[PDB]
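Take a look at the structure below.
Protein chains: 4
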Amino acid sequence: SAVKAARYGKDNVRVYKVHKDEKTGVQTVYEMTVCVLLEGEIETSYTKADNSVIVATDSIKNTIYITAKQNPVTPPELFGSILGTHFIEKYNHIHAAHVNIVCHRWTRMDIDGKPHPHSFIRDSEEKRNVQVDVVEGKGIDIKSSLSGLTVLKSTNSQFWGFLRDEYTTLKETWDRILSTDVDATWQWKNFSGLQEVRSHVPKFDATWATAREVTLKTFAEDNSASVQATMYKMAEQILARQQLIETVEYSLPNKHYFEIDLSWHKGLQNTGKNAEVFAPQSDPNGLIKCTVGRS
Amino acid sequence: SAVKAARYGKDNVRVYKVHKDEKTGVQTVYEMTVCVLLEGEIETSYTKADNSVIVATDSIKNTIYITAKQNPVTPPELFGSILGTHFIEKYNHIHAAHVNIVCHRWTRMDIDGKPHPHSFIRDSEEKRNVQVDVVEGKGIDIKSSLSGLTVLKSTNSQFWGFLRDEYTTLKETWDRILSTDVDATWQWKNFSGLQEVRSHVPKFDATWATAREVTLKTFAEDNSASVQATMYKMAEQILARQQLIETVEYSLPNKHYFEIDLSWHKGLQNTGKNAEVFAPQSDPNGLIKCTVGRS
Amino acid sequence: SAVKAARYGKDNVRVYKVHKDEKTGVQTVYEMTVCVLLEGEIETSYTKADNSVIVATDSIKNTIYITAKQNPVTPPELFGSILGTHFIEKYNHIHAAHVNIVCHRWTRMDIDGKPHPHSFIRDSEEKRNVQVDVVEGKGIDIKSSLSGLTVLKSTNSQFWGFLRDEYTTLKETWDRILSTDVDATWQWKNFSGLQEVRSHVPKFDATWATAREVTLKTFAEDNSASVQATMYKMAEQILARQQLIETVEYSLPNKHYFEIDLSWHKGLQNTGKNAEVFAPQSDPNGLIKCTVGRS
Amino acid sequence: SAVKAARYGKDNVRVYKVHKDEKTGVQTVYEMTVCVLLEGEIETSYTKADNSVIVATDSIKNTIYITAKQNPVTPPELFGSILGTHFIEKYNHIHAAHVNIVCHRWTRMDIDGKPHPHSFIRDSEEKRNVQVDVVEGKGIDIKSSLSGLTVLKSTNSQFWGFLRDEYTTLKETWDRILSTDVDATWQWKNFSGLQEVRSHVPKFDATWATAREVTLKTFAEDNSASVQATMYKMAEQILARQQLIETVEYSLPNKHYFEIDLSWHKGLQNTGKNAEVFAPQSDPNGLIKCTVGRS
Ligand SMILES: O=c1[nH]c(=O)c2nn[nH]c2[nH]1
Ligand SMILES: O=c1[nH]c(=O)c2nn[nH]c2[nH]1
Ligand SMILES: O=c1[nH]c(=O)c2nn[nH]c2[nH]1
Ligand SMILES: O=c1[nH]c(=O)c2nn[nH]c2[nH]1
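Chains as they are written, first to last, in PDB author numbering: chain C, 1 to 295; chain F, 1 to 295; chain Y, 1 to 295; chain D, 1 to 295.
In structure tokens form, the structure reads like this:
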């Protein structure tokens with residue numbers, strides 16, 4: 001037997017950082033959960049009990065806090081790139097670092113219509129994420145994403161004209177509820193290293209905001225022919241607005257809400273045009289994915 | 001042996017309802033999870049296998065959907081009261097109904113600065129809840145609550161002057177992070193029945209909004225001496241603003257964020273006035289409760 | 001306004017303890033999650049920002065570890081009683097301690113048919129719990145429980161003869177699946193204090209084992225007329241076998257498995273006597289409770 | 001823009017099946033959660049709103065139940081292969097099916113030392129899983145796994161001799177607790193189609209049992225130099241015992257249990273040789289992975 005692939009590191013490292021503006025008294029907080037996995041010439045720790053090649057996972061944890069102390073933690077694309085680069089530059093035998101960051105929402109509170117200087121609310125479970133792969137000699141690959149964005153529209157979704165055969169019971173519909181939890185990822189063109197990532201810093205927050213905006217607007221405005229058709233429209237627009245993105249991927253559950261026939265009870269009408277009360281279904285759910293790139 | 005207490009019913013009944021304004025085209029959605037438990041002269045189903053006294057839990061589920069079809073589902077205090085009253089009026093041998101409702105957020109989307117007619121976002125995991133106990137001959141007892149409201153302030157929290165003995169290692173502090181998930185309940189004066197609940201309908205949404213507002217403002221503005229002191233200020237204000245509330249209860253975790261001493265690393269300063277990077281602690285957590293009533 | 005009730009302390013305190021037999025080399029591990037809440041003359045911490053009455057929750061955490069170091073942690077009824085007693089004896093102004101303990105399973109591994117001296121498996125998510133209320137002048141009240149015991153029987157459950165009216169669609173059945181997650185609590189007679197709890201130490205593990213055994217055997221062997229009828233049989237037996245128990249409470253979800261009619265597909269028969277494939281339902285679920293005491 | 005990759009289908013399909021032996025009266029239950037995703041010539045559903053190419057996800061759900069009715073559901077490697085093959089044979093334009101199955105434990109109860117004919121216990125949250133990729137013209141690729149197997153050993157784990165630099169605070173140790181949740185995957189050699197999978201049916205359960213056995217025994221008996229070294233020993237043995245496996249992958253969290261220094265309290269000794277009470281850490285955790293193949 002031989003080691004074909006190996007990676008190790010620290011997961012679930014929770015980190016908070018505060019910035020205090022001394023002039024204005026305004027404080028801004030950031031909270032993230034970080035995972036760093038390393039690869040390199042470490043096979044002997046597996047095969048020979050040779051711990052000399054192991055940067056202890058406890059040390060990786062320390063490094064994350066130290067790096068957060070000495071560097072900006074926003075945008076997460078930049079922080080992840082700094083963190084990953086550190087390991088390949090510091091340790092000769094480490095040749096790749098994989099950094100995953102989940103950013104948690106702390107939204108400044110408005111109190112009596114004014115932004116509060118130091119109070120925050122978790123206004124959603126939506127996350128902004130990054131995956132950064134720093135590979136020696138091969139640059140920096142960054143995938144940015146939003147996830148946990150949960151939406152519903154109560155009309156202007158249709159689903160008809162699908163394949164019908166002896167396995168099919170689903171009725172065609174011209175008016176249904178559509179609800180999903182959005183997971184969208186945009187993959188950046190490869191960057192040559194930290195200098196290039198730094199040069200593009202303003203684009204990261206802007207592109208996240210654009211991806212969010214396009215997702216929400218398209219969802220709300222599309223008279224949807226299917227999840228497939230609507231998600232394609234989203235991806236197309238994002239690629240159009242940011243030339244440094246190579247691909248956009250969406251992964252969308254179709255969270256079903258079923259009509260409830262109540263006609264057995266005193267002829268009560270609650271289906272089709274008369275449908276008012278529905279049963280949200282916890283499972284099963286459709287799952288629809290697509291990756292869209294450039295011609 | 002004898003049956004001392006017994007209750008049974010249906011839990012986790014998910015319900016969605018849509019209202020469609022035909023004039024304006026605006027749609028409004030409500031989604032809830034409902035539990036109904038009944039009590040009454042049902043001992044024989046336990047002791048004698050006498051199912052004749054059992055309103056099947058499946059029938060309770062049907063009843064919830066039928067009631068939602070025929071009645072407004074908002075405010076939840078009203079819907080729960082209608083639902084509970086139904087069971088004690090319909091079944092001679094059922095003498096109490098306990099209705100718990102969790103309302104899920106579907107907040108109307110703003111698209112290009114205008115409210116969308118039929119698109120919604122789950123903008124938080126915060127819930128609005130009710131517990132309604134309808135007891136034959138004893139009226140309707142309603143407890144309203146908000147839960148899952150997660151907040152953090154990065155300064156203007158202190159904790160000093162506590163008991164110090166041989167079990168104590170905690171240092172006094174004049175500047176710390178304070179973060180919690182708010183669970184607040186207000187208990188209404190007993191209502192004589194549905195007519196009285198109906199007479200107070202406008203107060204329910206108003207009081208929920210006030211409780212939320214007071215909670216957030218007090219949290220943000222109090223230079224907090226402790227969780228205990230700050231929560232008392234909240235409860236006091238709520239009781240002052242709504243005379244039909246008898247008691248207010250808060251249950252608050254203290255979600256700790258610890259300083260990280262980095263001085264071992266190149267004399268790096270990250271404690272006290274120099275603290276920037278903190279380690280959020282998943283557990284353990286302080287838990288502080290109080291129930292405040294009228295003099 | 002006035003403080004009507006107040007309690008505070010530390011939740012989610014994870015604790016592990018190892019016992020090492022030096023003669024045999026056998027090691028035994030215990031892992032628990034502990035919550036301790038205190039009550040007493042502490043109103044002024046809420047109303048006057050008087051922290052002098054507060055035993056810091058951090059100190060409560062320290063106390064739990066210290067107590068675990070100096071005392072046996074099994075049975076949990078004993079440990080909880082020691083822990084609760086500590087607070088009321090140590091602090092003059094603390095008059096009640098509430099201790100909740102969840103014991104996690106670490107079952108010794110059998111390797112090649114022999115018990116391993118120091119290796120363990122979490123063989124189930126089932127818990128053994130205690131709630132101990134130590135109230136000055138009023139003794140020690142202990143409720144013991146098991147929870148998270150998940151079972152299913154594929155036949156020998158019936159449900160017929162229930163009330164049928166215009167809300168009823170459920171068909172009577174003489175053969176169904178029955179599945180539940182068992183939550184069972186037995187409440188001990190009040191104990192005068194620690195000496196009395198110590199005097200009964202052997203009964204605690206024995207009664208837990210008996211409660212588990214009776215639950216499983218009754219479930220497996222009863223040709224069940226309903227959840228209500230079967231659970232009553234369990235409670236009756238437990239009360240019969242341990243005279244120091246005053247009440248037994250069961251809380252049982254009915255986790256439904258629905259038949260799937262496949263007759264639309266090539267006349268496939270999958271209902272009634274021909275039912276083989278079923279759809280487990282995540283929600284809603286029946287919820288059935290009962291508390292059984294002595295005549 | 002162009003569609004680079006697309007797949008869609010149904011997730012979270014819960015399925016139960018019962019087998020009833022009419023001779024012996026013994027019943028055996030199987031419960032699984034199934035996901036099926038399809039790929040093929042479906043781009044136009046995304047780009048042109050052409051639903052004619054879509055096998056509705058609701059139909060996929062129906063197909064799963066129908067297939068479970070007409071075929072054995074065990075071993076899951078066989079069922080997944082039947083299910084995947086169905087879609088590529090039935091639909092000309094579908095060229096790949098991806099089937100993921102999670103098997104849930106229903107272990108027969110022993111009552112009074114004898115196996116019960118129809119009563120079952122969920123004796124662990126451990127799962128047995130399969131991922132089956134059926135690709136037209138390319139055969140059937142099967143990855144089998146166990147997950148959620150949670151173990152702890154209280155001694156006979158060491159960790160010393162790792163890299164020490166200015167980021168390192170971790171002390172070397174010759175005696176620590178080791179605990180993990182095992183996720184292990186074995187990948188089968190490619191099979192040419194269903195006939196070949198059928199020919200190997202007995203190997204599937206046998207190899208799962210062997211993988212479990214080797215994992216547990218190695219964990220219990222290895223005087224572990226590190227997670228890396230111990231996991232390599234497991235993978236090596238599995239590859240040795242089943243020649244039709246090409247690779248074995250382990251992914252293991254290191255679930256840390258920290259010593260608690262109690263010396264501040266009356267000189268209490270609870271570290272090193274005197275360590276009895278530990279603090280299990282919920283996060284962060286080490287994460288160690290490796291994939292082992294043949295020379
Ligand atoms: O077994 C271990 N492997 C590691 O890589 C490691 N790093 N810190 N502690 C550790 N333990
Ligand atoms: O055992 C049962 N008890 C009940 O009360 C019930 N109601 N519907 N099905 C049921 N099954
Ligand atoms: O606000 C607080 N209240 C308390 O009771 C406490 N105990 N430790 N830290 C604390 N903070
Ligand atoms: O939007 C949808 N896409 C699908 O593929 C599908 N299948 N069933 N319902 C559906 N809705």
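Yeah, the Cβ is synthetic: ideal placement off N, Cα and C, and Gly gets one too.
Practice prompt. Answer yes or no: the CB of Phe120 (chain Y) versus the heavy atoms of ligand 1, is any distance below 7 Å?
Written response: Proximity of the beta carbon of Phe120 (chain Y) to ligand 1 is not indicated: no heavy atom of the ligand is located closer than 7 Å.
Fill in: Sequence-distant residues of its chain with Cβ nearer than 7 Å to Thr150 (chain F) (five each side left out)
Cβ neighbours of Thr150 (chain F) beyond the five flanking positions: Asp181.
Discussion item. At a threshold of 7 Å, does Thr168 (chain F) count as lining ligand 3 (C-beta to nearest heavy atom)?
Written reply: Outside the cutoff, so no.
Item to complete: With DSSP as the reference, label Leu78 (chain Y) as helix, strand or coil.
Response: Helix.
Worksheet entry | Secondary structure, beta strand (DSSP E): runs of 3+ residues fully inside the region 92-180 of chain Y | Entirely contained in the region 92-180 of chain Y, the beta strand (DSSP E) runs reaching 3 residues are, in chain order, 94-104, 107-111, 114-121, 127-135 and 139-153.
Discussion item. Quick check on the contact list: which residues have their beta carbon closer than 7 Å to a heavy atom of ligand 3?
Written reply: Going by the Cβ distance cut-off, the answer is F:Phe159, F:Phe162, F:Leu170, F:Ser226, F:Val227, F:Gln228, F:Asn254, F:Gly286, F:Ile288, Y:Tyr8, Y:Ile54, Y:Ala56, Y:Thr57 and Y:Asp58.
Worksheet entry | Segment contact, 8 Å Cβ cut-off, at least three pairs: the region 215-223 of chain Y with the region 108-128 of chain Y | The region 215-223 of chain Y vs the region 108-128 of chain Y: no contact.
Worksheet item: How many Å lie between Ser226 (chain D) and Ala97 (chain C) at the Cα?
Response: Looking at the two C-alpha atoms, the distance is approximately 21 Å.
Fill in: Residues of its chain near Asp165 (chain Y), where Cβ-Cβ distance is below 8 Å and the 5 sequence neighbours each way are ignored
Nothing listed; no residue qualifies.
Practice prompt. With 8 Å as the threshold, decide whether the Cβ of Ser282 (chain C) is near any Cβ in chain Y.
Written response: Yes - at least one Cβ of chain Y is within 8 Å of the one on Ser282 (chain C).
Practice prompt. Using alpha carbons as the reference points, say which of F:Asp222, F:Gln228, F:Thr169 and F:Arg176 lies closest to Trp264 (chain D).
Written response: Measuring from the Cα of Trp264 (chain D), the nearest candidate turns out to be F:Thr169.
Practice prompt. Evaluate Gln158 (chain Y) with the Cβ neighbour count: other Cβ atoms within 10 Å of its Cβ, from every protein chain shown; 16 or more gives buried, anything less gives exposed.
Written response: With 16 or more other Cβ atoms within 10 Å, it is buried.
Worksheet item: By the criterion of Cβ-Cβ separation under 8 Å, what are the contact partners of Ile111 (chain D) in chain Y?
Response: Near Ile111 (chain D) (Cβ distances below 8 Å), the residues of chain Y are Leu216, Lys217, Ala220 and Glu221.
Worksheet entry | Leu239 (chain C): contacting residues in chain D (beta-carbon distance under 9 Å) | Residues of chain D passing the Cβ test: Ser1.
Worksheet item: Which partner residues of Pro253 (chain Y) appear in the DSSP bridge assignment?
Response: Residue pairing by DSSP places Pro253 (chain Y) opposite Y:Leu287 in a beta bridge.
Discussion item. Less than 8 Å between the C-beta atoms of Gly40 (chain C) and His93 (chain C), yes or no?
Written reply: Judged by their CB atoms, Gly40 (chain C) and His93 (chain C) are nearer to each other than the 8 Å cut-off.
Worksheet item: Under the DSSP definition of a beta bridge, which residues are partnered with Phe191 (chain F)?
Response: Answer by DSSP bridge pairing, in chain order: F:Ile140.
Worksheet entry | Helix, strand or coil at residue 353 (chain Y) according to DSSP, with G and I counted as helix | Since the first residue shown for chain Y is 1 and the last is 295, residue 353 (chain Y) is missing from the structure and cannot be characterised.
Worksheet item: Using a C-beta to C-beta distance shorter than 8 Å, which residues of chain Y count as neighbours of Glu166 (chain C)?
Response: Per Cβ cutoff of 8 Å: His265 and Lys266.
Worksheet item: When the Cα of residue 300 (chain D) is compared with those of D:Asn12, D:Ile111, D:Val53 and D:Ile260, which residue comes out closest?
Response: Coverage of chain D is limited to positions 1 through 295, which leaves residue 300 (chain D) absent and any answer about it impossible.
Worksheet item: Going by the CB atoms, is the gap between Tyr16 (chain D) and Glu31 (chain D) shorter than 8 Å?
Response: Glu31 (chain D) places its beta carbon less than 8 Å from that of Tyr16 (chain D).
Worksheet entry | Cβ-based contacts, 7 Å cut-off: residues of the region 84-98 of chain C near chain D | Against chain D - using a Cβ distance shorter than 7 Å - the region 84-98 of chain C contributes no residues.
Worksheet item: Which residues in chain C sit within 8 Å of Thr169 (chain Y), going by Cβ to Cβ distance?
Response: Residues of chain C passing the Cβ test: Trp264.
Worksheet item: If we ignore side chains and look at the alpha-carbon of each, how far apart do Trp208 (chain Y) and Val132 (chain Y) end up?
Response: A direct Cα-Cα distance of roughly 16 Å separates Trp208 (chain Y) from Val132 (chain Y).
Fill in: Cβ-based contacts, 7 Å cut-off: residues of the region 54-81 of chain F near chain C
Listed by position along the chain: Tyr65, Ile66, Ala68 and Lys69.
Fill in: CA-to-CA distance, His200 (chain F) to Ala184 (chain F), given in whole angstroms
In a straight line, the C-alpha of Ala184 (chain F) is about 21 Å away from that of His200 (chain F).
Fill in: Interface flag, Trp188 (chain F) vs chain Y, CB-CB below 8 Å
The beta carbon of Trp188 (chain F) sits no closer than 8 Å to any beta carbon of chain Y.
Worksheet item: How close, in whole Å, do the beta carbons of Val36 (chain F) and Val29 (chain F) come, if the pair is a contact with beta carbons under 8 Å?
Response: Actually they are not in contact, since the Cβ atoms of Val36 (chain F) and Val29 (chain F) sit about 22 Å apart, beyond 8 Å.
Worksheet item: Can you check whether the CB of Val3 (chain F) is closer than 8 Å to the CB of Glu43 (chain F)?
Response: The Cβ-Cβ distance between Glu43 (chain F) and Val3 (chain F) falls below 8 Å.
Worksheet item: Does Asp123 (chain C) get closer than 8 Å to chain F when you measure Cβ to Cβ?
Response: Judged by the 8 Å Cβ criterion, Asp123 (chain C) is in contact with chain F.
Practice prompt. Could you name the residues of chain F that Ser144 (chain C) contacts, counting a contact when the two beta carbons are closer than 8 Å?
Written response: Residues of chain F passing the Cβ test: none, with the nearest at roughly 21 Å.
Worksheet entry | DSSP three-state assignment for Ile260 (chain C), whether helix, strand or coil | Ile260 (chain C) carries a coil assignment under DSSP once its states are collapsed to helix, strand and coil.
Worksheet item: Taking the Cβ atom as the reference point for each residue, do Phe191 (chain Y) and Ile245 (chain Y) lie within a distance shorter than 8 Å?
Response: When the beta-carbon positions are compared, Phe191 (chain Y) and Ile245 (chain Y) stay at least 8 Å from each other.
Worksheet item: On the premise that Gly137 (chain C) lies in contact with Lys10 (chain D), defined as a C-beta separation below 8 Å, what is that separation, rounded to the nearest angstrom?
Response: Incorrect: roughly 43 Å between the Cβ atoms, too far for contact.
Worksheet item: Could one say the Cβ of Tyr16 (chain C) lies closer than 8 Å to chain F's Cβ atoms, at least one of them?
Response: Chain F contact via Cβ: present.
Worksheet item: Could one say the Cβ of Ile42 (chain Y) lies closer than 8 Å to chain D's Cβ atoms, at least one of them?
Response: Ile42 (chain Y) does not count as touching chain D.
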